[PDB]
Amino acid sequence: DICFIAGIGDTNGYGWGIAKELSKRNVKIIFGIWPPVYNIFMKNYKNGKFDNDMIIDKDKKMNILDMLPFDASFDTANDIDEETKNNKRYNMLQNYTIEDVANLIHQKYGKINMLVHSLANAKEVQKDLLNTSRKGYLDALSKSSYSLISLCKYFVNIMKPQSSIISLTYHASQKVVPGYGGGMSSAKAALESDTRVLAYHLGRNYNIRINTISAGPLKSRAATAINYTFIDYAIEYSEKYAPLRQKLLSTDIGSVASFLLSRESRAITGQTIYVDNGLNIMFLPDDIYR
Amino acid sequence: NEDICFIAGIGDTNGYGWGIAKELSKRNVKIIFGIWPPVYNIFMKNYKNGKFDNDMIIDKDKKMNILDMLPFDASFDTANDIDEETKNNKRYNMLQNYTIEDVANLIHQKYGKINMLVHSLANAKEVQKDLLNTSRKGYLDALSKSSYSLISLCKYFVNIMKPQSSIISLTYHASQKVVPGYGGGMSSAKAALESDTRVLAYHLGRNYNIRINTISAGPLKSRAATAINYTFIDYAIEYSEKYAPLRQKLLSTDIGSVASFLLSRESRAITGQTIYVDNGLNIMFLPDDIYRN
Amino acid sequence: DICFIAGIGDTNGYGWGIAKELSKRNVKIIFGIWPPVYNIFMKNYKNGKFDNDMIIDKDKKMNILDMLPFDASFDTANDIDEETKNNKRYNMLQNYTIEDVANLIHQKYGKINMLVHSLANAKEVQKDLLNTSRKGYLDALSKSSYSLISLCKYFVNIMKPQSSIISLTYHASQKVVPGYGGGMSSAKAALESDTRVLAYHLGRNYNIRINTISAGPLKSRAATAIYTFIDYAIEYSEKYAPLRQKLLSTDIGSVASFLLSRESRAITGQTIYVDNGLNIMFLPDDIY
Amino acid sequence: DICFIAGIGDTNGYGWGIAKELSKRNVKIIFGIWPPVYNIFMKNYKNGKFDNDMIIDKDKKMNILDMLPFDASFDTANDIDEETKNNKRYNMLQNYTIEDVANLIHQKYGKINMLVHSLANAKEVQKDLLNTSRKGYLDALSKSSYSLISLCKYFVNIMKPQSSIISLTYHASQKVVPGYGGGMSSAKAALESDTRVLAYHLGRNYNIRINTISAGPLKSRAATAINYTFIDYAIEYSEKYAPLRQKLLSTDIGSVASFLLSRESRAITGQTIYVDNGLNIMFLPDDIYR
Ligand SMILES: NC(=O)c1ccc[n+]([C@@H]2O[C@H](COP(=O)([O-])OP(=O)(O)OC[C@H]3O[C@@H](n4cnc5c(N)ncnc54)[C@H](O)[C@@H]3O)[C@@H](O)[C@H]2O)c1
Ligand SMILES: NC(=O)c1ccc[n+]([C@@H]2O[C@H](COP(=O)([O-])OP(=O)(O)OC[C@H]3O[C@@H](n4cnc5c(N)ncnc54)[C@H](O)[C@@H]3O)[C@@H](O)[C@H]2O)c1
Ligand SMILES: NC(=O)c1ccc[n+]([C@@H]2O[C@H](COP(=O)([O-])OP(=O)(O)OC[C@H]3O[C@@H](n4cnc5c(N)ncnc54)[C@H](O)[C@@H]3O)[C@@H](O)[C@H]2O)c1
Ligand SMILES: NC(=O)c1ccc[n+]([C@@H]2O[C@H](COP(=O)([O-])OP(=O)(O)OC[C@H]3O[C@@H](n4cnc5c(N)ncnc54)[C@H](O)[C@@H]3O)[C@@H](O)[C@H]2O)c1
Ligand SMILES: Oc1cc(Cl)ccc1Oc1ccc(Cl)cc1Cl
Ligand SMILES: Oc1cc(Cl)ccc1Oc1ccc(Cl)cc1Cl
Ligand SMILES: Oc1cc(Cl)ccc1Oc1ccc(Cl)cc1Cl
Ligand SMILES: Oc1cc(Cl)ccc1Oc1ccc(Cl)cc1Cl
Ligand SMILES: [Cl-]
Ligand SMILES: [Cl-]
Ligand SMILES: [Cl-]
Ligand SMILES: [Cl-]
């Protein structure tokens, strides 16, 4: 049981919660870390900054097999642009394209069992969809949607039959969340549809499964960066109006992904699964209702 | 405390209830069967003749463990709802406490409060009839037995369940897309069960911190399935094994594994949901003939 | 073109709005009027109380072909219960069952081509779903959902091919609306599913189309009989729907009239939202 | 009432069917024609090759207000690349960018009432999703999805009160259609999501409505160019298994588009309306049951 988790930058996101929960099941875990934060992550980890965040309970802490620099906007080394080659954080680093990381993992560890796509990006997220530029829009689809397909395409050859693949989405794909701008809504819409199409292909040709988890709000780094703030309203609305009022943890999403990545979920594929305390089911805020 | 599950809708070892039972016991969850009185005795005779002994094996070193088996009719909420004919029925008279209220109270006396509840049952007298030609009594019977029964079970079991408890039912994709042959208001009853799962999840969540979901299952050759009007169930299985993204035979235990996950605390942020456990066949639009190789 | 419109009690509901819009397209309209309110309706009509409400524009007035008593609880006269036999409001009336009304319409005007189901009922609507009784839930399904099926079964043989059928639903079927109790949510969910299954059977065997309009909130008599629920619903919708305009009964009538016509002949089994776009929204807008 | 129809390259598509049904309600019609096929269209039209296809009934025939070159690849003139600029079919054409045509329509005809998006393109449609390149994918999203956004953005300030917008999508967005490759599934998924997001911003800022029609299969030039071929299979299945067994015509979609573009439909926005003889509602083939 080896899982590659792409899209860990710190201990505050969904990627860390998935790591944690899978570690609970003695899955070996490999982090794919975006190069602009790689060296920072590695320093904090080496200086024990996350040690407390690695604790599960009395007698298991997390065990991280490897941490690799990983940029899912580049499929192969030939795709790396000149702007990126001329960026100091990327220059120390090698083998950070989807193809390169897949080759490295395979040669180093052999075939793996699970894959987590826990990343997204969009230059113009601050702009509403109507005022998003073409370049901004396509950047969102490239980083947040296409990335999954290419990840699947390069990883299928290094995954065993009956492996499982997970991505994270948001309900803004399906119902309007003002503030979820820059084509991110569009990108999550595509990702949930592509999950179906990929499940057909991965199912039939590889007996590999793929699903997506539509998560509720978490104050991760990426979330707080959208412009108190958007995420703060989102959390507070969720905790007020969700069927289950308890605070939503990265690790609640971690448990469901760990189930979807295991053979326990073997008759589930191509699905969007809501791990959001049931908020998605509500139509009207509850205020007046006695 | 400790995990105890009531599974309403076990009439033999060939249905989803038994798969859920088997997967729950795998996880050392205590399990009580709710068995429809018309088939209660036949079930109890086979269980003691050892006829389920082989179906009860989990593996070389594990066997299922059944805490209790009770007569249960989800047609009746209380004793006073029991009609004249059923009273005169000899399959029912030597059996007591089989109304929804009664079985809850009985379970709560013998064992105290439970953690888990599975609704694994449906009935519809005119299932063989198309929806357009299904009578009012036919339609209301389907809704009564397959949809309202879940609501009543919830209502009565809510006060004998611990907080953080979980509830599941089973549904079929016929609710959302047209399956001819799924007659007699069964389609309508699953549509309602899926809608009711959401509304119940709101009320159960806010007031008791209890979760409820439904599993939309692919085809299984259960006793009931073979009672639908080749036969319906054989085409469904054959079609699904041919056209689903995943070609494996769908097993009751595949539903049971997912059920046990939804019933456990690993799914604590999931509620009100319809979860597809059907090898991904729901995601397909057209048959795959021209395209495949 | 002749349309039977089941579920008119007054000018303030969706049925009247549909009637108004159909009459705009020269469709002849037959009202199915629930017996409790039949007398009152015919009295008010006779004394000219609906005369302003019948004007479409200054060159066109609604024309109403007939007004027939109608209770969708009863498939045949054999189904009428003792309580109803003790109701004077019914004892003075005839041919109000689904079977009888279809026969009467067919005997009187021949085959028709449009049918509108604009009705619902549930005795325990004030009770949340969890504390709704079996009798109450089944009542909601019987009156609000099964009634569509039976209306279809009885009208199919007095309808021409290329006919069209419409009912009204609410988004409580698909997303939680607290206060929409009694199993009304369950009934709308069943109606939307049955709309698909009926579309298949009616499509292949009769070349007949059937769809459901999911309407936004309107301050009808039945709505008010449920802040109050309906004023909350309306305020929220007007606060948050993509479109600010007040939702009018005739905005539904306009879509119903399109769906009932040949212009929508490639559309069947569909739930069409006519609600100022409210259904698309996730979160309140305020801070944004 | 004036409608601009983006995506008519011949009389065999849904664009033509919409133009026909709108002309039937005396709407004035402007075509946005892709420059690569603009000349041949103008030749064919000028020679009478479309006269029979312009016949509506006994006494009415289509009346076209204008026919303009138009490429939804380019938002403004500054976006046009040098290869395109030198291409023979572009270098005598002008004002064919999204912004330029909007401004041309405006000064030529004043403000308009209706806008139809009836285009799609994807350079790698013959490749299944998993095997689609990043560039192909983004090209599908750029031409088939982002273009709607850009059309909206440049047109809103040239639209009259009570204006309405439609585009055309396909059910492969929601359920798997093998063969609908190249990220077209993805693009249609984006389009349907974006239709909701646009409906919100357009409704609240401009009281403008936008919907999408999910059409059944039509033997158009674009459909034939995909691939039993893909389209012949799709039509055969639709005609055998739809609740309504009848040939699906471009005017069937035209009729719905006309409605949605009109004031009869003013309480409808952000929706995906299925015009497919009810095929979308079916689960499995019908063979056994009958
Ligand atoms: N946080 C929430 O409230 C929430 C809700 C719904 C969905 N999601 C989704 O969960 C996933 C993770 O988000 P999160 O909140 O955990 O954010 P996060 O900041 O913790 O993780 C996002 C990660 O993406 C990485 N990344 C960005 N661009 C990349 C690129 N081009 N190549 C490789 N990596 C890149 C960043 O380094 C970062 O570590 C995303 O898909 C997000 O859209 C989050
Ligand atoms: N078999 C399938 O392919 C399939 C597919 C989708 C959903 N489901 C659902 O799974 C659930 C169980 O079906 P199954 O396939 O295991 O068949 P099954 O024959 O094993 O289960 C049906 C059970 O319902 C019980 N029952 C019927 N009426 C009852 C009543 N009034 N009161 C109490 N019990 C009653 C019977 O004892 C019977 O054992 C049902 O809800 C069904 O709709 C089954
Ligand atoms: N008003 C709204 O906000 C709204 C919103 C969404 C959906 N709807 C739906 O639209 C339809 C019409 O409702 P409305 O709000 O216009 O209310 P309404 O009060 O105008 O119409 C309800 C009618 O149903 C009739 N009725 C009740 N029981 C009947 C029976 N057994 N047989 C025949 N008629 C019977 C009543 O006489 C009444 O005239 C209903 O299905 C309702 O659920 C209404
Ligand atoms: N034909 C079907 O069975 C079907 C089914 C569902 C949806 N649709 C959708 O309907 C719409 C119309 O398709 P159609 O089948 O009528 O095919 P079509 O060949 O008539 O339409 C495509 C048109 O778009 C033009 N075009 C392509 N790229 C362009 C761009 N760069 N800028 C401007 N114009 C461009 C082409 O010249 C062509 O005329 C598309 O969005 C399509 O996806 C079609
Ligand atoms: O998808 C999300 C949804 C929410 Cl409610 C919060 C954070 C999310 O994640 C992102 C949002 C925008 C960008 Cl640009 C990148 C990421 Cl990771
Ligand atoms: O729901 C089901 C779906 C399938 Cl594919 C097969 C069997 C099913 O179960 C039933 C079907 C009809 C009746 Cl009357 C009772 C039951 Cl338990
Ligand atoms: O469905 C409805 C939805 C809304 Cl928002 C308002 C009124 C509605 O109509 C009804 C609601 C309950 C009952 Cl018992 C009967 C009817 Cl006619
Ligand atoms: O969307 C469509 C759906 C179908 Cl069934 C047939 C044709 C369609 O339209 C297209 C499909 C692919 C490309 Cl590249 C361009 C276009 Cl216009
Ligand atoms: Cl936005
Ligand atoms: Cl049926
Ligand atoms: Cl309620
Ligand atoms: Cl594909």
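What counts and what doesn't
Residues numbered from 1 in each chain as written, not as in the entry; some residues may be left out. Chains lettered and ligands numbered in written order. Heavy atoms only, no water. Residues with missing side-chain atoms left out of burial classes, pairs and counts. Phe/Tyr/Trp six-rings, centres within 6.5 Å; stacked < 30°, edge-to-face > 60°. Helix = DSSP H or I, 4+ residues; strand = E, 2+ residues; numbered from the N terminus. Buried < 20%, exposed > 50% of the residue type's maximum accessible area, 1.4 Å probe, protein only. Contact = heavy atoms within 4.5 Å. Buried area = accessible area lost by both parts, 1.4 Å probe. Salt bridge = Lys/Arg side-chain N within 4 Å of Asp/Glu carboxyl O. Polar contact = N/O pair within 3.5 Å; in protein donor to acceptor, adjacent residues only side chain to side chain. Nonpolar A, V, L, I, M, F, W, Y, C, P; charged D, E, K, R; others polar. Pairing = 2+ DSSP bridges. Axes fitted to C-alpha atoms, helices over the stretch in contact; angles between N-to-C directions. UniProt positions renumbered as here; feature names shortened; annotations may be inferred. Near = heavy atom within 4 Å. Areas by Shrake-Rupley, 256 points an atom, 1.4 Å probe, with all protein chains shown as cover.

Counting across every chain of the model gives 56 aromatic pairs over all chains. The interplanar angle of 55° and the centroid separation of 6.5 Å between the aromatic rings of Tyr200(C) and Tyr289(D) together place this pair among those described as tilted. On the criterion of chain membership, the pair formed by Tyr200(C) in helix 8 (residues 184–206) and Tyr289(D) in the segment after strand 7 (272–275) is interchain, its members lying in two chains. Classification of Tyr200(C) as buried rests on a relative accessible area of 3%.

Moving on: the interface of chain B and chain A. Quoted interface sizes are often the accessible area lost when the parts come together. Tallying the contact residues gives 45 residues for chain B and 43 residues for chain A. Here chain B meets chain A over a buried area of about 3400 Å², counting both sides, of which 52% is carbon and sulfur. The largest share of the area that chain B buries against chain A comes from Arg206(B), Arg268(B) and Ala269(B), three residues that together contribute 19% of it. Inspection of the chain B/chain A interface yields 6 salt bridges. A salt bridge links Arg25(A) to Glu266(B); its shortest N-O distance comes to 2.6 Å. Joining chain B to chain A, the criterion identifies 25 residue pairs in polar contact. Those elements that place two or more of their residues in the side of chain B that touches chain A are helix 6 (186–208), helix 8 (232–243), helix 9 (252–263) and strand 9 (274–277) of chain B. It is helix 6 of chain B that contributes the most residues to the side of chain B that touches chain A, 6 residues altogether. The residue makeup of the side of chain B that touches chain A, split by class, is 19 nonpolar, 12 polar and 14 charged.

This brings us to the sheet that holds strand 3 (residues 64–69) of chain A. All names here are of chain A. Taken together, 7 strands build an open sheet; the order of strands is 3-2-1-4-5-6-7 and the sheet is parallel. Each having just a single partner strand, strand 3 and strand 7 (272–275) make up the two edges of the open sheet. Strand-to-strand twist of the sheet, defined as the mean angle between neighbouring strand axes without regard to direction, takes the value 20°. With 4 bridges connecting them, strand 1 (residues 2–6) and strand 4 (residues 112–117) associate as parallel partners. Each residue of the ladder has a partner; that of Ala6, found in strand 4, is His117. Along the sheet, helix 2 (residues 35–46) makes contact with strand 2 (28–33) and strand 3, crossing strand 3 at roughly 145°.

Another aspect to go through is the UniProt feature "binding site: NADH" (unreviewed entry) in chain B. All names here are of chain B. Here, the residues flagged by UniProt with the feature "binding site: NADH" (unreviewed entry) are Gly11, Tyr16, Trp36, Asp73, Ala74, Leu121, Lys190, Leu220, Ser222 and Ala224. Spatially, the listed residues are scattered: they cover 214 residues, and their C-alpha atoms lie as much as 23.0 Å apart. Following the sequence through the fold, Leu121 ends up in the loop between strand 6 (114–119) and helix 5 (136–157). On the accessibility criterion, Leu121 (18% relative accessible area) is buried. Dropping the residues within four chain positions of it, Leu121 is found in contact with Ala8, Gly9, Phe72, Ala74, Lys145, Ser146 and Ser149. Its place among the elements puts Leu220 in the loop between strand 8 (211–217) and helix 7 (223–226). Excluding residues within four positions of it along the chain, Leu220 makes contact with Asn14, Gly15, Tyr16, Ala225, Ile233, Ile237, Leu250 and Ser252.

This brings us to the site of ligand 5. Residue and element names in this part refer to chain A. Inspection of the region around ligand 5 gives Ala120, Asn121, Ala122, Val125, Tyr170, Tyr180, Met184, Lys188, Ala222, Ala223 and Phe230 as its neighbouring residues. Contact between ligand 5 and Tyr180: an oxygen atom at 2.4 Å from a side-chain N or O atom of the residue. In isolation ligand 5 offers 440 Å² of accessible surface; the protein chains occlude 85% of this area. Of the residues contributing to the shell around ligand 5, the split by class is 9 nonpolar, 1 polar and 1 charged.

Of the residues lining the interface, 22 residues belong to chain D; the matching set on chain B comes to 22 residues. Each partner contributes to the roughly 2400 Å² buried at the junction of chain D and chain B, and carbon and sulfur atoms together form 73% of this total. Inspection of the region where chain D meets chain B yields 0 salt bridges. Looking at the side of chain D that touches chain B residue by residue, the class counts come to 15 nonpolar, 3 polar and 4 charged.

This next bit is on the site of ligand 1. Residue and element names in this part refer to chain A. Around ligand 1 there are 26 residues in total, and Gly9, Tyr14, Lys188, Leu218 and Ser220 lie nearest to it. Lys188 is positioned with one of its side-chain polar atoms (N or O) 2.8 Å from an oxygen atom of ligand 1. Here the residues of the shell around ligand 1 are counted per class, giving 14 nonpolar, 8 polar and 4 charged.

Attention now moves to the sheet that holds strand 3 (residues 64–69) of chain D. Residues and elements named next belong to chain D. Taken together, the 7 strands give an open sheet; going across it, the order is 3-2-1-4-5-6-7, and neighbouring strands pair in parallel fashion. On the outer flanks of this sheet lie strand 3 and strand 7, each paired with one strand and no other. With direction set aside, neighbouring strand axes in the sheet form an average angle of 20°. Sheet topology note: the strand 4 (residues 112–117)/strand 5 (residues 159–169) ladder contains 5 bridges and is parallel. Counterpart to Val116 in the pairing with strand 5 is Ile166. Sitting on the sheet, helix 9 (residues 250–261) is in contact with strand 1 (2–6), strand 4, strand 5, strand 6 (209–215) and strand 7, with an inclination near 165° to strand 6.

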